[PDB]
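# Notes for the structure review
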Amino acid sequence: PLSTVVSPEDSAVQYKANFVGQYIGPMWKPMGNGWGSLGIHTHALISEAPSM
Amino acid sequence: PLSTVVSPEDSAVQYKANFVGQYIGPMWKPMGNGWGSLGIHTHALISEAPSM
Amino acid sequence: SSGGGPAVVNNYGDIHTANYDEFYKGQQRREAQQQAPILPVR
Amino acid sequence: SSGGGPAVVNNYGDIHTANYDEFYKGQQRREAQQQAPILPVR
Amino acid sequence: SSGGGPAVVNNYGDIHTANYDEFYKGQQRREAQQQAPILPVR
Amino acid sequence: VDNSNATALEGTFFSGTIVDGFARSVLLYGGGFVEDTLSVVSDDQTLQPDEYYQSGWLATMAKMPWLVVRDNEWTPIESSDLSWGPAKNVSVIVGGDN
Amino acid sequence: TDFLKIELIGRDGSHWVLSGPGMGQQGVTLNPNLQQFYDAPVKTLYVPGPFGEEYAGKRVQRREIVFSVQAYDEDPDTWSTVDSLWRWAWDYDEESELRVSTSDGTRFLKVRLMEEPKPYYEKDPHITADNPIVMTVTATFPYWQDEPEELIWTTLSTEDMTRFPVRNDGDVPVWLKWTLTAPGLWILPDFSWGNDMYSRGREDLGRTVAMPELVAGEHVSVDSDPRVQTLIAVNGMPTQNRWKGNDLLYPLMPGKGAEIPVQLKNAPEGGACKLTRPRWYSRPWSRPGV
Amino acid sequence: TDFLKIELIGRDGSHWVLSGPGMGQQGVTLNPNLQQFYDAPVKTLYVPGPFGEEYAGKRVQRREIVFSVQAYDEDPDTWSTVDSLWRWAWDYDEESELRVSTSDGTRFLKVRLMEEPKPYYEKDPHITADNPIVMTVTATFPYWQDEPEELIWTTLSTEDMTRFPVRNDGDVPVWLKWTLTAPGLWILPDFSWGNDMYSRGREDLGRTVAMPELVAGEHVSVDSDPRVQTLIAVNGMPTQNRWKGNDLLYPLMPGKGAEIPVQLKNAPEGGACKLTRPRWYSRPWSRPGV
Amino acid sequence: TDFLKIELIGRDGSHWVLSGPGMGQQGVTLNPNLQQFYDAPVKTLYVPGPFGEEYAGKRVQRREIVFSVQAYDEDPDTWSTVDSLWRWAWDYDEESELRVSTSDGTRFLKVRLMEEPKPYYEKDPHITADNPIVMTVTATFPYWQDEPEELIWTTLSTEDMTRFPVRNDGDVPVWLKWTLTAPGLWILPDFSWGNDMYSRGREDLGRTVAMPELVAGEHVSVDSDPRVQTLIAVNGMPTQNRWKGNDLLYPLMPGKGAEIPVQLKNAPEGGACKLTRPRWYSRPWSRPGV
Amino acid sequence: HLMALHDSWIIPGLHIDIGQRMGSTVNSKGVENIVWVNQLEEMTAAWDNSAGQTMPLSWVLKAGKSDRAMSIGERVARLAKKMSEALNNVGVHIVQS
Amino acid sequence: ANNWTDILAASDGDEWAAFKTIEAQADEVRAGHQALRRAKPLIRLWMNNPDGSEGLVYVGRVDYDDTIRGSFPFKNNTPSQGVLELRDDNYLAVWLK
């Protein structure tokens, strides 16, 4: 019934991450080294925010 | 149930009043002279808190 | 057959389906017919 | 026996047999009793 | 199930439980709302 | 007859509470006597009527209202409509030709 | 069974054992399926609210007990006597007692004929001399009652005070009754017991109210229940008329009890006080509540 | 079954297991065919339209749960004790808890006696000592609940700010409660969460409302639900009177949540803010949805 | 059977096959006796007349579909997951699609929960893990529909004209929609198709209406259906306010079709037009009507 | 003309205000084409949240005015108001003796 | 002022995509209108200043869901009566009582 199927007009999108929580989270998909190859480092020696 | 729960009648109570807001409040029921017989006096001439 | 069912409900009168809205409107219409001509134009 | 039949329909009240004409006439009579003695004679 | 029982009695409307006094009082209240602000204060 | 006893010297009860009973007030007339307010008798010492000490008496004396009809979960009455409305017009004009 | 006994004491004082040990000795037994007999009928009130309907309160309703009895005897003449006696045991204007006895005690309900009894079978009752009578009785006071607990305090002093131990072991609030001699100024307790019906549950925890000064010979009964005028004098004087629009407001709520204080002043002779605490229950039998 | 457990906590705190593991240990089991127990009753409004009737909205109705229990014991005396205890576990004025435990957790409903219970069979219950009680209870709040989440933020600074993590895992909107200490000027979030009930769904996405300045001792409860007044001062002061036609209008829509900002200023001695977030569900059990 | 396939696409996008090939693969099947499902409910109107009553017209009513589904799985935990997913597939505020596919094509009906679903048997549903859910859904738009026929005509000329072929193959009238770019003055057809609802059947055979002159950026949607306002501009300007009481009055009657003319004038850029013709049907399946 | 806007796109107060002219039609034979143009005279917003009958917030318009089709109670009230005002005016215009 | 050529260029020359963009814009305008029409009213009670000064002082707000029923007419040059029914446990009802 459709004359044509067109790709939906997807709008601009935004994302942010800060790595304050405990683990990495599902929003980051590990690659190459497989699952469980990512982690959070506190860097409390310099008194800085945790990094991925 | 009597052992587990504490009854409102078997409860020590303590009450406060300061009159610092220059308002009597609903906790002071006038006696004898009825409503409007109680007031708050600032005593601003001396460096003292308001009195009832 | 008829005696003892809906045919005697009809004899009962307005026990089953009957609404108040049109009855009130009809009473108001009858009163308006009675009183409208004698009401002043002012 | 009584609970769940006509004996509880009587508790329901005016769901079964009750006509609007007598109720309207009674309300009109109550209003007439209330207002007639104070209406002027003119 | 619904068609042919109380679920269609609801479609019928005010055939079963429905009171006269409350309807009359509601109509009187609506008329009072309509006419009260325009009645004089005398 | 004067059954309200509102204009009497000793006044009557214009308000009350279910925990303290009735409150005695007396009318106080302002300038020109057009307006009357209510002033409460703080030390109410009105004597009971002699009729209240007589056997078989049931009536209400004007000076001492007594009957309070109380509505609660176990009320013996049926209350139907308690409606209050405030005063409307501050000033009145009456006149025409003098 | 032997765990439950049901009795009727008619308007004429006749005694009938409908059920339990000794049932049917007077010729009348009780048939099954008796309704509105156990729990006091209560309707709850609801008002529209944002989440549906909000609780608005409860009202107790009168009992409409429909029950059948069976009047039986070997010979029709004696059966007719039994049936006549059973009919005579009932009335519309005056109530007859219906007593239920269990291990929790004996509790009675005062019932009257709501409408005419429906007697006998389709054929004449003299064929069988064993016929059922369907009785539709009503209880204007819907609670089951035990004999009230009464206490008396007498004093010869001009001024005195006493404390009455009071406790509602039932499941419904009960209204206290006082009998106070005269002359004397009495002060009676009207404790709220934490009842927030007037939104004063904690304010009226120790509420006391003074009766009007009683003159000689004007002994009063002060009944707090709403079916009855509060103050009634023995000599017919209008005491509540003198009493300036006050009232006793609070019943003794279930599970509450204390030593309520009674004060007597200005009593040259020295007076007496009697406190009557009713024992109302919502079921014919129930374990004590705490 | 072991997949579902139904408990009752009475008005007196008694604990009954009606169904599931351990059912009937207190003597009372749950009979089949219980109605209006699972889904919250909702009526949908319809208004005339061009093609029949158009949807006009929904109104949630209070629950009217009619169920039956069976009180059983080997001897009539202990059966009578059990039946009395079961009746004592209920009331009209005050509510009792009905918990359902499944693999989805424990959710409870607050229910009260709508009308008098209908106990026993046609004959006296002491014969069988195993009798059913028909219960007609009602839930004024029709949503099954879990324990609300409480968050506390205490600060000693004069000016401070915090981010409360908030999330609605249920299928219905919930209304937040705040407990704010005084003195101080509080700013609380009133985010629309996209709710367009005031035609400001996008305008009020990051909406914040400033409460009136609180004087010493004027601790406030700020409840957003329509049942309760928004602002209540613990000392009885009219705090809402100084708040200039402003209110909290938006609940927490299902599936939405963020770190809502709470700001405190002008607080000489710091201040404490407590956020209570209810967990409301329309079913006794349901898998989480998002 | 393989001649009919019924699916539900929930508010959350889930896909369920209730009947037909592959039914029950998601755990939920369709029970027999589904009502108000095939023909669109219509009530006819009659006025009193000399020979009884005279036909006055017809009104189409909203669909009140009561149907049962059966949720099943081998283990109670998976059954609980299936039941929760089925519950999440439905809502009161938003509608879910109900698709019927036959040899005549696929037609969908948008349905929402009219009231709370009635789930499970008299006992707890974990015993069986195979339980029925009774659903009372409603279709505010009662016509089964297919994907609309869309046509596009763009031009670069300042003044131009085109003809859109149009034909109503269904049994109910359909209302056309237009999407018109700006700037430009459009002349749109409003042919009566011989319909006599306004007593202008052949008077309005070639009726054309002039839209107000659209300013730059004021692309408009012109929907003739009565549910929605006719002129809506994408920039929010009140186009209909400049359209001095004019409207599109006639739908495309069943069995009618022609080359309807669209005219564009005063368009310096040269605009574009889109025509959307709905495919509404009163039955889930029906052979094409000529 | 009396209208009830159930789910119409019309927004009372926003699209049309009191005293502002609007046209209306009635689906009656012989007047289908005609548009009756009256200035809006009344619009009532009413709702009922009761469990028995639940009516969402709905608007009812009355375009134009007519003493003839006015209800008898409203006619009596309006006449009484005018009569009272005229009586006050006459009484204040009375010349003393 | 997004011209047709500009919209087509943004959609990369796809007329169907461009018209779907325009239809989405029209749909969002219609949805805004519907939300404005179906928005709940805001009922607020105000009082005179207890000290006797000028300016109405905010008493409180009645929720539309917390009402029982309501009726508010707007009339042309005529006084009208507004009716609001509340449960007596409502806080504004208690205040008024």
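Above this text you will find the structure in question.
Rules used throughout
Residues numbered from 1 in each chain as written, not as in the entry; some residues may be left out. Chains lettered and ligands numbered in written order. Part of a larger assembly, values for the part shown. Heavy atoms only, no water. Helix = DSSP H or I, 4+ residues; strand = E, 2+ residues; numbered from the N terminus. Buried < 20%, exposed > 50% of the residue type's maximum accessible area, 1.4 Å probe, protein only. Contact = heavy atoms within 4.5 Å. Buried area = accessible area lost by both parts, 1.4 Å probe. Salt bridge = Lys/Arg side-chain N within 4 Å of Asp/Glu carboxyl O. Polar contact = N/O pair within 3.5 Å; in protein donor to acceptor, adjacent residues only side chain to side chain. Least-squares fit on C-alpha atoms. Axes fitted to C-alpha atoms, helices over the stretch in contact; angles between N-to-C directions. Parallel < 35°, antiparallel > 145°, perpendicular 65-115°, else oblique. Left-handed = near helix turned anticlockwise from the far one by under 90°. Nonpolar A, V, L, I, M, F, W, Y, C, P; charged D, E, K, R; others polar.

This part is about the side chain of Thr276 of chain H. Residues and elements named next belong to chain H. Looking at where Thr276 falls in the secondary structure, it is placed in strand β19 (residues 271–281). Here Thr276 falls in the buried class, since its relative accessible area comes to 16%. Beyond its immediate stretch of four places on either side in the chain, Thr276 contacts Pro148, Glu149, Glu150, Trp175, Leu176 and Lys177.

What follows covers the interface of chain G and chain H. The interface of chain G with chain H comprises 31 residues on the first partner and 35 residues on the second. Taken over both partners, the interface formed by chain G and chain H buries close to 2,900 Å², and the fraction arising from carbon and sulfur atoms is 60%. When residues of chain G are sorted by the area they lose upon contact with chain H, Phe3, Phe51 and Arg287 of chain G head the list and together hold 26% of the total. Applying the counting rule to chain G against chain H returns 1 salt bridge. For the interface between chain G and chain H, the tally reads 12 residue pairs in polar contact. When contributions to the side of chain G that touches chain H are tallied by element, the ones reaching two or more residues are β4 (42–49) and β5 (52–60) of chain G.

This part covers the relation of the copies chain C and chain D. With an axial shift of 0.0 Å and an RMSD of 0.1 Å, the rotation relating chain C to chain D amounts to 120°. Expressed as an axis order, the relation between the two copies is that of a three-fold axis. In terms of C-alpha distance to the rotation axis, chain C has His16 of chain C as its closest residue, with the C-alpha 3.9 Å off the axis.

Chain E makes no contact with chain A, the minimum C-alpha separation between the two being 36 Å. For the non-touching pair chain A and chain J, the nearest C-alpha separation works out to 28 Å.

The contact between helix α2 (residues 20–35) of chain D and helix α2 (residues 20–35) of chain E brings their axes to 11 Å, and the two run at 50°. Considering their axes alone, α2 of chain D and α2 of chain E lie oblique with respect to each other. The handedness of the crossing between α2 of chain D and α2 of chain E is right-handed. Facing α2 of chain D, whose interface residues are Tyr20, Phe23, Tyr24, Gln27, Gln28 and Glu31 of chain D, α2 of chain E presents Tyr20, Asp21, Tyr24 and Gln28 of chain E. Split by residue class, the contact of α2 of chain D with α2 of chain E holds 5 nonpolar, 3 polar and 2 charged.

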